[PDB]
Amino acid sequence: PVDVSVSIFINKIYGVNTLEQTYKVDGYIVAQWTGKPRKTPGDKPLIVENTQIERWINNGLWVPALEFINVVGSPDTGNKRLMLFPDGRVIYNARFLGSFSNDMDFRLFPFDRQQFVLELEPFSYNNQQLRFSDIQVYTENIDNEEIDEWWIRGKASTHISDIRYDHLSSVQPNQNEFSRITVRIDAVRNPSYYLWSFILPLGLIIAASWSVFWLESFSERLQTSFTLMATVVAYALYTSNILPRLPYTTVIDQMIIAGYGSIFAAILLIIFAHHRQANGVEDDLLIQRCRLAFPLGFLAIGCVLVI
Amino acid sequence: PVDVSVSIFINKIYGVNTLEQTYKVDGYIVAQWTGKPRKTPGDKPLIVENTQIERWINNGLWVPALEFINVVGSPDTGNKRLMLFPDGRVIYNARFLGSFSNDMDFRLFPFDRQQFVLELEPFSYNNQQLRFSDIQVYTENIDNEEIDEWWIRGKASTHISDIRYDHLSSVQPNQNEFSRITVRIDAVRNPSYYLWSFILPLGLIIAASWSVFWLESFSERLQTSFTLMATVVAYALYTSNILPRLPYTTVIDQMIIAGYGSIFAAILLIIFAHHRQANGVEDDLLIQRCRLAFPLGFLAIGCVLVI
Amino acid sequence: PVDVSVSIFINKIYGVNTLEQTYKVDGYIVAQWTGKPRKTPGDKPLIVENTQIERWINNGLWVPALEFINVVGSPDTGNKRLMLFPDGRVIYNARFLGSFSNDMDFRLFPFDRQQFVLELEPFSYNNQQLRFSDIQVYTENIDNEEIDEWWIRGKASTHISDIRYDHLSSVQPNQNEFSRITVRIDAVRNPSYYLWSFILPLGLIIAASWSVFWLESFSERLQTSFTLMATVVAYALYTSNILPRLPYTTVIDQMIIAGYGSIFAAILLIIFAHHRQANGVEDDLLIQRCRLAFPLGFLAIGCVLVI
Amino acid sequence: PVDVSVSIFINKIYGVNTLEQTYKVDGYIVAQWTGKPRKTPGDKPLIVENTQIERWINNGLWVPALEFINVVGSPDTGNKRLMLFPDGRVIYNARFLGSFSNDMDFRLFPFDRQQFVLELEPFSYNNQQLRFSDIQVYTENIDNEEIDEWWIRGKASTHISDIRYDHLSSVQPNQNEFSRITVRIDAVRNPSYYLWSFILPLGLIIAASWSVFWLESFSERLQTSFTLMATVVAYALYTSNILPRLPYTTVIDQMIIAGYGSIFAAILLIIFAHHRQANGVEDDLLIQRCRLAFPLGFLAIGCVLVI
Amino acid sequence: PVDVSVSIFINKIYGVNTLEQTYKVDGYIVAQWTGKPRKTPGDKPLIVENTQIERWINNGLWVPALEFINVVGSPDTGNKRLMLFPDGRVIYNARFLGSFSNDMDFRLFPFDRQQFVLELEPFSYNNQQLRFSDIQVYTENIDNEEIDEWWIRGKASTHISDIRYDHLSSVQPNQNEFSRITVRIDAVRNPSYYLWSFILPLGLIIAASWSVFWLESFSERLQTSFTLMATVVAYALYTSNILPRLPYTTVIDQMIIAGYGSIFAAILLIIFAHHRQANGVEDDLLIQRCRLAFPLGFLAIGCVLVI
């Protein structure tokens with residue numbers, strides 16, 4: 001009941017797709033299992049590269065198809081290398097790059113919790129078993145990571161489990177237990193660009209949106225919160241043309257609705273202060289002077305945003 | 001007249017193309033049919049992986065080309081595996097990912113009715129027949145589905161039918177009846193993002209578009225509905241730069257024409273109220289004060305929109 | 001001098017590329033020619049699928065390379081199937097999807113005249129000849145075609161011609177006449193989306209662009225046609241971010257220049273009406289009141305647009 | 001010392017990449033060289049299509065790898081066809097489409113001088129020689145070329161030269177002279193779209209930008225050249241969302257900097273005319289009235305732009 | 001212990017990906033190592049092209065898989081050519097184009113320091129050794145490099161090192177030292193387009209943003225810095241739709257936050273100058289007249305930006 005080593009070198013994890021929950025991973029995969037002894041030219045082991053491997057299968061070598069369960073479609077395999085020993089054992093070495101799937105919650109946006117995953121499990125093979133799992137993360141921790149999109153918690157996180165397929169094949173004297181390596185890697189998004197060049201200027205206009213109350217005439221207080229409407233809208237443009245499309249409202253995606261509210265707030269006060277009186281045109285004495293009373297009723301309800 | 005099992009594991013259905021009526025599906029396909037008995041090494045069945053399969057065809061194995069009828073072009077096949085038995089029967093196992101076609105009505109937009117489809121039918125083979133059809137939906141129902149683009153009605157919906165090709169081949173002693181499995185899967189769009197960060201702020205400026213009537217002077221009522229025109233237009237920008245291009249006006253695509261109207265409404269009242277009088281410059285006493293009479297003539301005709 | 005049948009099933013024609021004059025077509029291609037008789041296992045004809053075809057070429061089967069003349073690069077062939085008979089004749093069946101070229105005049109834009117084309121002609125073969133040409137259009141006419149980008153005139157339009165290549169090979173005892181099937185299919189663009197959500201709102205602001213004349217003061221008539229300049233420009237934005245790039249001015253692409261004109265009209269009247277007088281500041285009595293005299297001098301010159 | 005014919009049919013040259021200096025070319029390539037005589041089935045020459053060619057190489061046919069020097073990566077080869085004669089000579093015929101490199105100066109933008117290139121030279125072969133070079137341009141001259149992106153000067157322009165590689169292989173008894181065909185084709189950009197729907201409206205607002213001087217009050221002259229700043233900026237938007245990114249300022253790319261200047265001109269005159277006086281608030285009598293003195297100081301310095 | 005020559009012709013380095021830290025490189029790769037002598041047809045060396053190479057491996061030729069360590073996935077190999085000598089030695093020649101990885105600091109943006117890299121090291125082979133490394137840069141220095149995205153410091157920069165893999169294979173009598181060529185090439189970004197059509201117009205509106213202080217009334221000083229807010233925001237639009245997305249704030253990306261500040265400066269002075277007095281409405285005598293006191297408090301703190 002065959003024992004199989006696995007070793008997986010991660011080289012880079014790059015470019016997350018955000019709609020599709022996808023991330024590209026590049027590296028090396030290595031499997032060792034001890035086969036019945038063999039004469040090797042010389043008597044030091046024999047090295048078989050790329051083209052040649054398929055030939056030794058035709059001659060009758062067993063090599064197990066190991067599959068990435070959570071890959072998307074098929075991957076890109078670089079250099080196949082079967083290195084096989086005189087004492088039998090055989091070591092499969094493969095460079096690869098391929099797209100991978102996993103759940104990704106992008107709601108809490110520019111402060112992002114995230115985790116990357118590979119799952120590897122033999123394709124056609126029941127009781128051949130994944131022995132022990134290795135994972136060598138070349139990528140470096142508290143490094144120059146302020147040059148990378150992501151920071152990595154985090155060191156490689158293994159787990160070799162057993163998998164039961166209910167609806168299965170046509171031979172079940174107790175035989176639906178496949179051996180699956182699952183490899184996890186934790187990460188957080190580099191909240192830089194999104195704060196400085198993105199959260200803040202939202203604030204600055206969300207801010208200056210309130211100085212509509214320090215306007216004099218009523219006719220001025222109105223027509224200014226209209227080219228404040230346009231300022232919000234044309235800022236949600238600069239959102240779309242930079243930010244990654246999603247199907248949930250994000251953090252930022254809310255701060256932008258906060259905009260549209262604190263201005264449709266304005267319009268329902270300024271257009272209140274002018275017709276709540278006791279004569280013709282007498283703007284309400286205090287209502288006009290919430291000048292700095294609903295910014296601390298925003299930073300208030302905006303600390304209800306933090307709820 | 002050959003019996004064939006089919007089993008189809010759906011893994012994910014992802015990324016709908018909206019122009020093209022297209023959706024990518026990833027999973028496993030499995031076919032079993034019982035062939036004339038055979039000696040297998042050992043006497044437990046024999047497993048043939050990937051490369052090797054083509055070899056056994058050249059040796060004289062029958063394996064039927066089964067075709068996805070509604071695929072777009074060709075798909076991406078991962079791990080071919082012929083598992084064949086001593087008592088004859090043969091089980092074909094294949095990973096796959098491929099683009100698929102089907103009609104999709106996107107009119108009623110951000111509240112979307114939708115259904116996904118595969119059709120599978122033998123390519124060259126008349127009376128060989130698809131026995132019984134299985135379909136195992138790994139994807140999960142009322143799950144964390146508010147992380148996914150789509151919710152799934154819905155469980156797998158089968159149907160094995162017979163297909164008649166009129167204009168056909170050059171042998172017709174009654175022989176144009178091909179066996180087609182049709183698999184259906186129902187879905188609805190996750191109306192989240194489109195409501196909160198998209199339908200609502202349309203409403204809020206559609207809304208505040210009416211406070212042009214609570215303006216005083218005639219000269220102010222005009223020039224304000226002009227930087228209200230610009231507000232609508234620059235909001236249909238944020239539409240294009242987020243929403244999926246189509247060839248029909250959608251729901252949202254209408255609420256945006258509603259905008260252009262309730263402002264070209266304004267311009268044909270404000271420019272009416274000033275020159276319908278009995279002197280020089282006397283703004284019509286009641287016409288000016290439909291202030292909240294055509295918003296409930298909008299929400300009125302906008303409940304004719306719901307007709 | 002070999003006779004060849006052709007039959008071409010169109011499944012879908014989808015996604016036109018507008019720069020490149022390109023359109024993807026998916027379907028089945030079938031060729032039948034009668035070859036010297038042959039024993040078939042059993043004595044009912046023999047069916048050869050995919051992999052196997054190349055083998056029978058190596059054994060010495062003739063199968064003619066037929067080429068799509070106007071394809072772009074190479075296409076995507078799905079299921080090859082050689083079905084060959086006891087009485088000799090052979091039937092080649094292939095699924096395919098591929099990009100195709102043809103001239104396409106996109107000038108008269110959202111009211112588009114268009115035609116799709118395949119040309120098929122034997123690649124290496126002079127006097128082997130295309131017998132009779134068939135074309136089965138699965139796609140349906142006055143259907144639910146308001147769900148599709150295109151309406152189809154129109155039924156399949158054939159034509160088997162002969163082609164002379166001047167500068168040719170190194171054997172010319174009268175031998176440069178290749179047999180080419182040409183298949184045409186007519187279409188018109190679904191002028192929906194472009195009318196309602198696109199031509200009309202252009203009109204509504206082209207419209208309200210004229211109510212700058214029903215402004216009072218001179219200082220108002222100016223500064224309003226400036227945030228009317230911006231309204232046009234920011235509307236041609238919503239053009240670019242939706243419409244397909246081209247190298248000619250279209251219909252819509254003109255109505256947008258019409259905009260820039262009827263406002264640089266305004267600026268060259270309003271800035272005329274103020275300095276054509278007989279004193280200091282006396283706005284010209286009638287010139288100011290072309291209020292509705294150059295809209296019917298626009299719809300006039302705009303019915304010279306229809307010239 | 002082997003003689004080789006070449007003939008190159010161009011079918012289309014399409015889609016220039018502007019950053020990358022790249023253009024796709026589709027067509028046929030043909031090479032003829034006379035080899036030692038051979039018996040052909042029948043005695044009319046023998047035609048070898050696609051698959052089969054590789055076989056005759058394995059049997060011992062010489063076929064020289066000819067390489068496109070300036071291709072990008074590899075190209076897409078359609079139909080290989082070896083047609084070989086009884087008297088020896090062999091004719092290679094190949095369909096192809098492939099990306100090509102060449103220097104391209106895009107500075108003088110929408111009036112573009114340009115030239116397309118292929119370079120073809122044997123890959124492993126020193127003294128085998130390209131005999132005479134042919135080039136058949138199917139594409140047509142002063143045709144309906146106002147439907148195409150480009151006009152073609154111009155007829156095919158050949159040149160068969162010799163190439164010396166300095167640092168070279170490990171056999172140099174005078175042997176580093178490779179035979180390279182260079183084919184050139186001249187072109188000009190279709191300056192339509194870019195004039196009418198693009199250079200002109202830039203002019204019309206660059207124009208109306210000057211009517212800020214025909215404003216009355218000082219307070220009006222300022223605040224209007226501010227929603228003129230915004231008009232320029234939001235027009236350089238419509239530039240980015242249509243025009244092809246480059247790393248040099250183009251023609252148009254300057255006319256847009258001309259905009260920003262003739263408005264920061266305005267601001268440094270209007271804000272000069274108000275504080276250059278001999279009292280409190282007396283706007284300079286003549287300075288205010290350069291009303292049409294720096295448009296002919298623009299069209300002046302703008303005919304220094306033409307320098 | 002096998003000696004191997006290497007020679008690497010760079011043809012072009014093009015299209016940097018900015019998120020992914022990636023750049024495409026096209027050229028030729030050549031390896032020579034002297035093998036045990038051999039009879040060559042004729043007795044001049046023997047040339048083996050493309051298809052044929054794999055055959056000679058099957059007959060028993062050693063050819064070492066050399067791997068680009070920092071490639072992304074796999075590359076695009078054009079023309080394989082084994083040229084092997086009578087005296088033994090063998091010369092491998094290959095055209096290639098492939099994507100490459102390396103750290104890239106894009107912070108100091110439009111004035112960019114950068115370096116391109118290939119690393120080449122034998123894949124399966126320990127003590128076979130890379131002899132001496134060559135690198136021929138066809139691309140030209142202080143050339144017409146103002147037509148190219150990049151300038152090249154700089155001539156090819158070699159280095160042949162030894163690499164130790166800690167966690168390694170299952171044979172360690174001192175054997176984990178692989179021979180790696182590292183090739184470097186220096187570059188700087190062509191700061192043209194980004195200065196003239198991009199840094200300057202930012203300045204010009206950053207500039208004219210200050211002429212809000214040479215406004216008269218308080219009510220004017222406010223409502224003008226609001227359509228100055230919109231001017232900044234709609235200019236950061238023209239940034240997104242041209243500039244390459246990154247995860248750090250760049251140089252330009254800061255000058256844009258500088259904008260938002262020097263306007264939220266304005267709003268926090270103009271709204272200060274009006275309510276810091278000693279009565280009803282008396283605008284502060286000097287505060288109003290920092291007219292040209294915080295531009296030299298900007299160019300001041302903006303020479304703290306240069307810190």
# chains A, B, ... in the order shown; residues from 1 in each chain; ligands from 1
$ select_by_dssp --residues "stretch 45-241 of chain B" --states "strand (DSSP E)" --output "PyMOL selection string"
chain B and resi 46-49+66-68+76-77+81-84+90-101+113-122+129-137+150-152+160-164+177-189
$ select_by_dssp --residues "stretch 137-248 of chain E" --states "alpha helix (DSSP H)" --output "count of residues only"
35
$ interface_residues --of "chain A" --to "chain E" --cutoff "7 Å" --atoms "only C-alpha atoms" --output "PyMOL selection string"
chain A and resi 14-15+26+76+78+96-97+147+149+192-193+197+201+204+208+224+231+234-235+238+241-242
$ residues_around --residues "residue C:126" --least-positions-apart "2" --cutoff "9 Å" --atoms "only C-alpha atoms" --output "PDB file with N, CA and C atoms, in the first residue's frame"
ATOM      1  N   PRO C 122      -9.988  24.057 -51.317  1.00  0.00           N
ATOM      2  CA  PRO C 122      -8.929  23.046 -51.249  1.00  0.00           C
ATOM      3  C   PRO C 122      -7.582  23.668 -51.336  1.00  0.00           C
ATOM      4  N   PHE C 123      -6.653  23.126 -50.571  1.00  0.00           N
ATOM      5  CA  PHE C 123      -5.421  23.849 -50.300  1.00  0.00           C
ATOM      6  C   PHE C 123      -4.283  23.578 -51.268  1.00  0.00           C
ATOM      7  N   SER C 124      -4.187  22.325 -51.680  1.00  0.00           N
ATOM      8  CA  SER C 124      -3.068  21.878 -52.490  1.00  0.00           C
ATOM      9  C   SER C 124      -3.602  21.316 -53.803  1.00  0.00           C
ATOM     10  N   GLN C 128      -9.284  18.648 -58.225  1.00  0.00           N
ATOM     11  CA  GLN C 128     -10.378  18.163 -57.398  1.00  0.00           C
ATOM     12  C   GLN C 128     -11.347  19.364 -57.137  1.00  0.00           C
ATOM     13  N   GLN C 129     -12.661  19.088 -57.235  1.00  0.00           N
ATOM     14  CA  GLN C 129     -13.716  20.098 -57.428  1.00  0.00           C
ATOM     15  C   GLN C 129     -14.833  20.005 -56.413  1.00  0.00           C
ATOM     16  N   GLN C 175      -3.273  25.263 -65.527  1.00  0.00           N
ATOM     17  CA  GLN C 175      -3.570  24.700 -64.220  1.00  0.00           C
ATOM     18  C   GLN C 175      -3.387  25.708 -63.081  1.00  0.00           C
ATOM     19  N   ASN C 176      -4.350  26.625 -62.933  1.00  0.00           N
ATOM     20  CA  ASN C 176      -4.394  27.584 -61.825  1.00  0.00           C
ATOM     21  C   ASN C 176      -5.835  27.940 -61.486  1.00  0.00           C
ATOM     22  N   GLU C 177      -6.695  26.934 -61.548  1.00  0.00           N
ATOM     23  CA  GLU C 177      -8.108  27.116 -61.302  1.00  0.00           C
ATOM     24  C   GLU C 177      -8.589  26.264 -60.132  1.00  0.00           C
ATOM     25  N   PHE C 178      -8.602  26.907 -58.966  1.00  0.00           N
ATOM     26  CA  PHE C 178      -9.062  26.315 -57.718  1.00  0.00           C
ATOM     27  C   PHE C 178     -10.548  26.556 -57.440  1.00  0.00           C
ATOM     28  N   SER C 179     -11.219  25.544 -56.893  1.00  0.00           N
ATOM     29  CA  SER C 179     -12.664  25.598 -56.669  1.00  0.00           C
ATOM     30  C   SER C 179     -13.003  26.149 -55.296  1.00  0.00           C
TER      31      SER C 179
END
$ residues_around --residues "residue C:154" --least-positions-apart "3" --cutoff "10 Å" --atoms "only C-alpha atoms" --output "ChimeraX atom specification"
/C:115,141,151,157,184-188
$ write_last_selection --atoms "C-alpha atoms" --output "mmCIF file, in the first residue's frame"
data_model
loop_
_atom_site.group_PDB
_atom_site.id
_atom_site.type_symbol
_atom_site.label_atom_id
_atom_site.label_comp_id
_atom_site.auth_asym_id
_atom_site.auth_seq_id
_atom_site.Cartn_x
_atom_site.Cartn_y
_atom_site.Cartn_z
ATOM 1 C CA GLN C 115 -22.698 40.662 -44.033
ATOM 2 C CA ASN C 141 -35.064 34.474 -38.011
ATOM 3 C CA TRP C 151 -31.008 40.267 -36.888
ATOM 4 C CA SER C 157 -26.485 32.580 -49.491
ATOM 5 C CA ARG C 184 -22.712 34.724 -47.276
ATOM 6 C CA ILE C 185 -25.168 35.597 -44.521
ATOM 7 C CA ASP C 186 -26.804 39.000 -44.134
ATOM 8 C CA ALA C 187 -27.359 40.951 -40.917
ATOM 9 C CA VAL C 188 -28.524 44.151 -39.291
#
$ residues_around --residues "residue E:27" --least-positions-apart "6" --cutoff "8 Å" --atoms "only C-alpha atoms" --output "MDAnalysis selection string"
chainID E and resid 8:12 95:97
$ atom_distance --atom1 "atom CA of residue C:299" --atom2 "atom CA of residue D:146"
28.6 Å
$ residues_around --residues "residue A:48" --least-positions-apart "3" --cutoff "7 Å" --atoms "only C-alpha atoms" --output "compact mmCIF listing (two decimals) with C-alpha atoms, in the first residue's frame"
# COMPACT_ATOMS: atom_id res chain seq x y z
CA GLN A 52 12.06 10.76 -22.21
CA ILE A 53 9.74 10.19 -19.27
CA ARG A 81 12.47 15.12 -14.46
CA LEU A 82 12.31 11.49 -13.36
CA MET A 83 15.37 10.68 -11.24
$ residues_around --residues "residue B:210" --least-positions-apart "3" --cutoff "10 Å" --atoms "only C-alpha atoms" --output "PyMOL selection string"
chain B and resi 205-207+213-215+225+228+262-263+265-266+290-295
$ write_last_selection --atoms "C-alpha atoms" --output "mmCIF file, in the first residue's frame"
data_model
loop_
_atom_site.group_PDB
_atom_site.id
_atom_site.type_symbol
_atom_site.label_atom_id
_atom_site.label_comp_id
_atom_site.auth_asym_id
_atom_site.auth_seq_id
_atom_site.Cartn_x
_atom_site.Cartn_y
_atom_site.Cartn_z
ATOM 1 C CA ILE B 205 -29.809 62.177 -7.197
ATOM 2 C CA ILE B 206 -32.991 61.343 -9.024
ATOM 3 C CA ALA B 207 -34.424 62.525 -5.702
ATOM 4 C CA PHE B 213 -38.445 73.463 -7.458
ATOM 5 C CA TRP B 214 -37.645 74.683 -3.945
ATOM 6 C CA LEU B 215 -35.412 77.265 -5.576
ATOM 7 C CA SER B 225 -31.051 71.958 -13.536
ATOM 8 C CA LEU B 228 -28.144 68.544 -12.806
ATOM 9 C CA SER B 262 -37.271 64.216 -14.849
ATOM 10 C CA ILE B 263 -34.705 66.936 -15.621
ATOM 11 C CA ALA B 265 -39.201 67.728 -17.215
ATOM 12 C CA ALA B 266 -37.891 70.487 -14.969
ATOM 13 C CA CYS B 290 -45.618 71.314 -7.920
ATOM 14 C CA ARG B 291 -42.616 71.228 -5.605
ATOM 15 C CA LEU B 292 -43.843 67.875 -4.303
ATOM 16 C CA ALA B 293 -46.507 67.282 -6.955
ATOM 17 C CA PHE B 294 -44.464 65.639 -9.722
ATOM 18 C CA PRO B 295 -42.294 63.530 -7.463
#
